[PDB]
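We name chains A, B, ... by the order of the sequence lines, and we start the count at 1 in each one. Every heavy atom of this structure was used, including side-chain atoms; hydrogens, water molecules and symmetry mates were not. Order of listing sets the numbers, starting from 1, for every ligand and every atom in it.
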Amino acid sequence: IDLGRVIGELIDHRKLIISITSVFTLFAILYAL
Amino acid sequence: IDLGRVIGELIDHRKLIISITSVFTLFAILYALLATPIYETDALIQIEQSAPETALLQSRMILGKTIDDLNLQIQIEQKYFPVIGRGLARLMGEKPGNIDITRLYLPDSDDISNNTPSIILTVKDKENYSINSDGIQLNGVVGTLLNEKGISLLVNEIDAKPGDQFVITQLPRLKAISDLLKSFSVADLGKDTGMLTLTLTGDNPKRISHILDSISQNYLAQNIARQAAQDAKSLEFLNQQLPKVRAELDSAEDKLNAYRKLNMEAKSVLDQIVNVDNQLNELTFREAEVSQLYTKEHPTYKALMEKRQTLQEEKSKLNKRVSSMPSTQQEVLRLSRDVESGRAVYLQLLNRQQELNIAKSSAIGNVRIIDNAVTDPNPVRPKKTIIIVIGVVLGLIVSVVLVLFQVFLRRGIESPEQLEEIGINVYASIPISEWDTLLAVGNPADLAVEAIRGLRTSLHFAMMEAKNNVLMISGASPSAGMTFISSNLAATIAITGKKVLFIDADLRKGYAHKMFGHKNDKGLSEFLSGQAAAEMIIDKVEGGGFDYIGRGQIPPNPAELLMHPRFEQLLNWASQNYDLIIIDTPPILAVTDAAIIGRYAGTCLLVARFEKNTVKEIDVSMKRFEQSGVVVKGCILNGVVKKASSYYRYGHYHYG
Amino acid sequence: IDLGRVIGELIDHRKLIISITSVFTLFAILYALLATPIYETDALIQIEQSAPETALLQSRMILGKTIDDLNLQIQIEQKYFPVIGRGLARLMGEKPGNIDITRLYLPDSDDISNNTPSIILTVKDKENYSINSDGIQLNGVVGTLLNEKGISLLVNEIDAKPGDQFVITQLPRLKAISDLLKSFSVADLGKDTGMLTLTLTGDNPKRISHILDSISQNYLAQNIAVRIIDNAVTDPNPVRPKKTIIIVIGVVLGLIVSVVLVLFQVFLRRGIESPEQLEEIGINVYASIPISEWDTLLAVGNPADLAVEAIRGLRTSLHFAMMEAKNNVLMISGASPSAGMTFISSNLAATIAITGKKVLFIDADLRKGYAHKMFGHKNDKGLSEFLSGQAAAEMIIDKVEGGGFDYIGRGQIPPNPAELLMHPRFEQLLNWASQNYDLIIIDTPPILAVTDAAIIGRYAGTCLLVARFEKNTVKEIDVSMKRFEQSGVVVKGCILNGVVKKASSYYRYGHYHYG
Ligand SMILES: Nc1ncnc2c1ncn2[C@@H]1O[C@H](COP(=O)(O)OP(=O)(O)O)[C@@H](O)[C@H]1O
Ligand SMILES: Nc1ncnc2c1ncn2[C@@H]1O[C@H](COP(=O)(O)OP(=O)(O)O)[C@@H](O)[C@H]1O
Ligand SMILES: [Mg+2]
Ligand SMILES: [Mg+2]
């Protein structure tokens, strides 16, 4: 395994990563407000 | 990896490194030059312990007393539109403005969040000014008080130039106490001695010294009160009035209860009266205690009379407002004024009762002030040098991280050994020519044309023992340089007196006719489809010396056209009338045209773009050609540039 | 790596090492000899405790009283223009001047920044003096007070030579207090006794003792409204700067930086250092020519030079290598320009000619050839004019005066050099010459730059590369060999040129005179 492979994996899975992080941040904002 | 590699990488990325370091250092400079300076003042007090005195100095009673004395709940700040206007004004040497305000009462909207009312005052001259809260514009004059629209304001000694604006906020008392407490510190410095060091930080070098002096005076006065409070009748005087004051308070409550069992202006004036009554009450009690411990001609003592004069005038005009109000609303206000003032004065008497009790138990001998507060003219914040150093070091560290990142993310070819490890002969390395014309004709002395001549002499030896005199140039990915290499190579081989035919077999995006000067009718397509003869398609390059065959009109079936036997008939015919035939083709990874053509070509070469293509793409292209029965002779690295990290030396320099 | 290598590297770079260390030591000595000396004065106080007392001594009341007593707000600075003039003046034995001023009042400009007004006084004699604030020149006399232009000033006992200048500053009271507080220290020395040691540092040995006495007296008087055991005295030996430690740090820093810089220069060299590096790859090195310290042929001007001896060695190597060659044509080329190809070729031709064989030297560097300059020339009808067809084979051959061999110069620089060399007339010329001469040596441009050498090498029986000693790398030579081989030219071997003596080499040449 190398850095290029993991970077490519993140780039490919960016849709899932962004969706999950956005959901968690949205719940955090709703609780905080 | 070794030191040479990293040094070369740094040298190559020097422009990026310098840019990043410079931008962070510029931001650090800008911050350390526009951040508002913070001065610090200190004082020294003698005590005859010192652990509870530290806590008693930071109590809300002492700080509240000093805020009421110095009137710190009136916040005045010069107006600058940007978050840097103040810094620019200071650097340009402009003298900051200041206004002395001794009386302020906003209408106290007091909504859910904005508990701090504020107005904007614009200086029109040395005497008059304009005031706006929410667009309600008013004209005021220094000296005379302004009491209009539920707003009371007294402005004295305007020191600014006309046109300046100042934000005036009336923040709550606890907010002022918290603000002062955040910046105030007490220490013993010896952990046993009777020495107290008081410290206060703030942006106004004189205001903070005045505040610290006021704190010291209040502490000294409070603690030495016991000297003459033992025989002072005020203690019993408090014990006498306090039950009595409660009596009318109960009566005031009951009468209001009886009448109860909402005019906007009435409560607006009602609160303002209540504030005026409060201001009078402690002022008299303040004026009382000042009278024994100070002199009448003392500036503090003389101050209270015009403050007392101010309050009475405000109340008098307030009484004028009430007299102009209906008695139905006036009746409620008189009950309310009695209730509010009585309740307010009751708490004050409870406060004064509690204050004098603490003086009774104060064990400290009395007080002594060794050093009155003075302010150090050299600001303590921001610390310029450390900020600058952190900025520079941060710039360097982020630059190094970014460059190392780009190094480990790089995959393109860098030097012909990468190709030669796999077993691919690299016949040339063409540099970038920074110079719709043939390079080998416009600028025959260019470096790239020299490298192409080197390729020519390599080919003249490689193409011996070839099946025929057909050379096919192809590549892995588009815009790698196949047309560039093919056309210029044809030019250089033609100038040596051999007859050359150039065929643009890129029936999809071929533009050789544009680059040669053309008769675009009857290209290769029109021949292959059968609607042209082998003689109508050959054209002469003007600045060249070789013939060409253009693609013609784009067909809908390029790959299937190239499979027609007319193509091989054309090649066999041309191979007897020319010394060399050079065929330009589309990439091999994209389409299959090159693999169809390569069956008829004696020699085939790939072109690899310098930094874009990778080793694997070239290997894959070689395999794809091989599976179709075409043997690739070798590769041509194109688009090389100078990299200090290479440690590979080309001859890409002028010699002449 | 081993110890022998690093010792050799140090011996080689000794000049740089010594220069750097010498510069650092010189700066250290100059700093330790020009920094103004700082003396320490001290006193001893007895307390009948002492924890609050250190805080009370350093209070603004005591220090303020002393400052008012001694007028320490009147700062007098003897004027030296450079940041070293005072140090030189002290070293030259010049006695520093001083002036007693007992009452001073400047108009107190008090702008945003310069809260410290200051003037300049120039001494005219023992009696009168000139004063200038901002060009306003006034004349004053010791004794009588001056009250003019918002500047009021009284001078007593000017003690200096005429022509001296002094800056007089009236700094604020708080600034003076802070300055005094910086130099003043109190310690307990027993942590339990009633003994306190008071210390004060300053540049004037007497003024600081007076100041400490004033502090002690003011303190003592204040307390009785505490006992002075030892009044203040000044140690005559300055405490700063500490000369020896400064010099030692300078020397050690110099050695450290020199060693580290040498380590970079060692780790960042890539050039060839010995023929062993080339022979690892599989390249025969036929000679190693040293640098000749001595527009003329070296093999003619100084036939006994070391470089010519090495070239004779190369000649005897060639006479054996060039047997079983397909013809008598030898081509010298190289990797990079200014490696020595023309030097080697011309001198080798000279040494082979002096043995009684007929030698022809062809300068086929049609781009930057200068052989005709170095031989004495009739520059008409070089090689270009022959190849282009406007000259015959016999008007281009010229005779070297001090040599003994013929040559063919390039002629006029053509616009198409590489295309000319492909003409068959070139091969005709070589075939004709190969029957009239014993040896033909062809000089060529580098191979990495242009392709002329690879065109010529097809007709050459033997080819040799020339590599400069320290400049070229092994990679360049290997690349040049491969590029020649791709074009169908077999390179016999290499010639290392421009060697110098390196102690770190541990590889021994015979570059020394024997005779
Ligand atoms: N070494 C080079 N120096 C300067 N320009 C180049 C070089 N190689 C290619 N190019 C130019 O960049 C463009 C891409 O090359 P081109 O051959 O036309 O595309 P393709 O390889 O797909 O046929 C062209 O405009 C070409 O002239
Ligand atoms: N061993 C050497 N000793 C002294 N000078 C040398 C030596 N080798 C080359 N030179 C001189 O350094 C210069 C470069 O050599 P030269 O052969 O003329 O360049 P090029 O290799 O490109 O033909 C010349 O002036 C040459 O006389
Ligand atoms: Mg193309
Ligand atoms: Mg030369």
If the contact criterion is a heavy-atom separation under 4.0 Å, does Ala480(B) count as touching ligand 1? yes
What atoms in ligand 2 come closer than 4.0 Å to a heavy atom of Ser338(C)? 19 (O), 20 (P), 21 (O), 22 (O)
Is there a protein heavy atom at a distance of less than 4.0 Å from atom 13 (C) of ligand 2? no
Looking at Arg609(B), which atoms of ligand 1 are within less than 4.0 Å of one of its heavy atoms? 8 (N), 9 (C)
Using a distance-only test with no angle check, is there a side-chain donor-acceptor pair under 3.5 angstrom linking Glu276(C) and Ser274(C)? no
When you measure from atom 8 (N) of ligand 2 to every protein heavy atom, which one gives the shortest distance, and what is it? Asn497(C) ND2, 3.3 Å
Inter-residue atom distance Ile485(B).CD1 - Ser474(B).OG, 0.5 Å rounding: 13.0 Å
Whether the side chain of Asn488(B) engages the backbone of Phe484(B) through a donor-acceptor N/O pair (distance < 3.5 Å, no angle test) should be reported. yes
How does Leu439(B) reach ligand 1, if at all, at less than 4.0 Å between non-hydrogen atoms: by side chain, backbone, both, or neither? neither
For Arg456(B) and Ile493(B), indicate whether the former's side chain and the latter's backbone hold a donor-acceptor pair under 3.5 Å. no
Before accepting this row, confirm whether a basic side-chain N of the pair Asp539(B)/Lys519(B) lies closer than 4.0 Å to the acidic partner's carboxylate O. yes
Tightest non-hydrogen contact, residues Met331(C) and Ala460(C), listed as CB-CB, 3.9 Å
Protein heavy atom at shortest distance from atom 11 (C) of ligand 1: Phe484(B) CD1, 4.7 Å
Just checking, any donor-acceptor pair under 3.5 angstrom between side chains of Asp452(C) and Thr444(C)? no
Applying ring-ring contact (aromatic ring centres under 6.0 Å, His included) to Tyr507(C) and not counting sequence neighbours gives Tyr509(C)
Can you name the atoms of ligand 1, numbered from 1 with element, that are less than 4.0 Å from a heavy atom of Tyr511(B)? 16 (P), 18 (O)
Listed partners of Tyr286(C) passing ring-ring contact (aromatic ring centres under 6.0 Å, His included), at least two apart: none
Starting from atom 23 (O) of ligand 2, which protein heavy atom do you reach first, and at what distance in Å? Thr342(C) OG1, 2.7 Å
Of the protein's non-hydrogen atoms, which lies at the shortest distance from atom 3 (N) of ligand 1, and what is that distance? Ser433(B) N, 3.1 Å
By ring-ring contact (aromatic ring centres under 6.0 Å, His included), which residues pair with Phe502(B), not counting sequence neighbours? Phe516(B)
Does only the side chain of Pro431(B) get under 4.0 Å from ligand 1, or the backbone, or both, or neither? Count heavy atoms. backbone
Step-by-step side-chain contact (heavy atoms from CB on, under 4.5 Å) determination, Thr603(B) to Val470(B): CA-CA 6 Å; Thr603(B) 312; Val470(B) 176; over 6 Å; no
Protein heavy atom at shortest distance from atom 15 (O) of ligand 2: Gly340(C) CA, 3.9 Å
How about the Mg ion (ligand 3), which protein N, O or S atoms come within less than 2.8 Å? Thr483(B) OG1
So for ligand 2, is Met341(C) a polar contact partner (N or O within less than 3.5 Å, distance only)? yes
Do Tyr655(B) and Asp365(C) get their side chains close enough for a donor-acceptor pair, meaning under 3.5 Å? yes
Which of the numbered atoms in ligand 1 are below 4.0 angstrom from a heavy atom of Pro478(B)? 22 (O)
Keeping the roles fixed (side chain from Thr457(B), backbone from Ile455(C)), state whether a donor-acceptor pair exists under 3.5 Å. no
